[PDB]
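In C-alpha cells, one chain follows: the form deposited in one PDB entry.
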C-alpha cells in the first residue's frame, strides 16, 4: 500500500531522507555528512558526486529504519541547499568540477564587475535579488571561465547547469529529466521571477547558453519517476521540489501573506509569504516562495549566511568546543553580563546589510570573559541579526509581525529561542518537528500525487511545539540590541 512519502533534504553539510506516513509522522530517517572543500579562503565547494552518494545512503537508511517497501512510497519530495551550483557534462554524466556552494565567495570578482557595469537595477528588476556571489549566476560564469574547454562544451550543448534539486532529479532519472522548481530557479539570478522564465538578457550578459538550463516547473507536480534501480525496484514519482528555505516556509503552513518563519541551521533565513504579488523589498530579497495550484506565491527574504557554521568554527577553527552540541551546554553555563558580542560574518554581512567586505569580529571582551560567555555570544548573533531582518521586513511590508514560526536544528536550543523572543519582543513558535524543511517537501510531493487532498488537510495535521513568549523588559532588550547595533557598525568600520 502506498501509504508513505519520502522527503530528501540535501543540506549544506549533510543530506537527510525522511519517510512520513499519511498523518505526517516520521516513520524513518537517515542523515549522512559529505565532504566540504575550502581550496582558498572564502571558497566553499562540494563534490556533486559525493553529494549524490550521501543521498543514496540516506534513502537506503530511511527505508531501513522505516521498514516499509519502496513500492509503498507514494511520492518523493526533494529539497536542498539553494544557489549551490553544479555544472555537468551530459555526454559523460560527470560534473565538470566541484559544485560551488552558496557559501562560496570565489565568484565575487564576477559579481563586483557586474555592479561596476551598472547592472544592479536590471538584476533586481528581473530577479528580485541583489548582485552577489551568493547566487548561482556568477558561480556558473566562474565555472565556465576557469574550467578549460567548458565554454565551448556549453556552447555546443554538452554542458548542463543545475542547482542541487536539479542535480538530484537528474541522477534519480539518469538524465531523463532535467528540471527545477520556481523557488530554486529564482535563487539563480538567471531567472526572471516576473515573466516566469530564464532571463535571456541576463544569460547573454554572462554568456550562459540557454541549452544548459533545466525546464522550470511548479513546486508540486510529477516531474517524472525514478529509474527502478534508483529506488530499489520501484519507479517512484518525484513530485515535490523546493529550495530548502521555501520548503520550510511551506512546511510551516505559511500559506498566507504576512506569514513568516525562520530556519536556524548552517545559516539562518527569514522568509515571509507575500502572496501572489511580489511592494518594497529594501535591503532584502524578493524571491519565489512556491508555485502550486496554478498560482505563484512570492516571498520576502532576509539571509544570514553564518549561523550554525559559526559553531562549526568554534569546534574546527578555534577548537574551543570539541563537539557542536556542546555549545548548548557551554552557553547555558555563561555567567557574564551578556555584554560580549560576536558578529561571525566570516563571508560578509547578509541582510539587511549586504556588506560583502565585512569579516568576523568580536566586541565587549574583558579579562573576566569566559569560554561560556564567548560561546553564548556566538550563538546569540543569529538572534540579533534575525531581529535586524524582521524589523526591516516590518518597515518594508508595513505589516506587523506578532508571531515568528521557527524550525531547523539550532531551534532546539530553548535558551536561544527564548533569547530570540526576548529581543524581538514577539512570540516565537517552534515547530513540533524541527525538520520542517523536509516536511514541506513531503507535503509538496504528497499534494501532487494525491497523498493529501489540499492545503486545508495539511493544516489539520499542524502540530506546534513550544511557544516562547517575551520575558525581557524593554530597557534590557533595548540595551542588548543597542550593543549589537554598535558591534555591527564597528564591524563594518573595519575594512582593512
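Positions refer to the first chain, counted from 1. In this text, rigid core is short for the largest set of C-alphas that superpose within 1.5 Å between two forms.
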* Hey, does residue 229 show up as a hole in at least a third of the other compared models? -> yes
* **Deposited but uncoordinated residues in the residue 278/residue 279 interval** => 1 to 3
* Please work out which of 390-398 and 247-255 has the higher mean CA B-factor as recorded in the PDB entry. => 390-398
* Looking at the entry, does 279-287 or 210-218 show the higher mean C-alpha B-factor? -> 279-287
* Asked: Which of these has the highest Cα B-factor in the record: 403, 272, 268, 185?
  -> 403
* When the CA B-factors of 49, 437, 36, 41 are compared as recorded in the entry, which is the largest? -> 41
* Select lowest, middle or highest to describe the third in which the CA B-factor of residue 444 falls within its chain in this entry. => lowest
* What third of the chain, by the recorded C-alpha B-factor, contains residue 450? -> middle
* For residue 28, return the chain-relative third of its C-alpha B-factor as stated in the PDB record: lowest, middle or highest. => middle
* Asked: Which third of the chain does residue 158 land in by C-alpha B-factor: lowest, middle or highest?
  -> middle
* Structure fact -> On the chain's distribution of Cα B-factors, residue 191 falls within the third called lowest
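Not pictured, yet referred to below: the form deposited in another entry.
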* Structure fact -> Core-aligned between this form and the one not shown, the sole member of 197, 152, 145, 337 showing a Cα shift of 2 Å or more is 337
* Indicate whether residue 206 shows a C-alpha shift of 2 Å or more between this form and the one not shown, with the rigid core used for the fit. => no
* Indicate whether residue 300 shows a C-alpha shift of 2 Å or more between this form and the one not shown, with the rigid core used for the fit. => no
* When you overlay the rigid core, is the Cα of residue 75 off by 2 Å or more between this form and the one not shown? -> yes
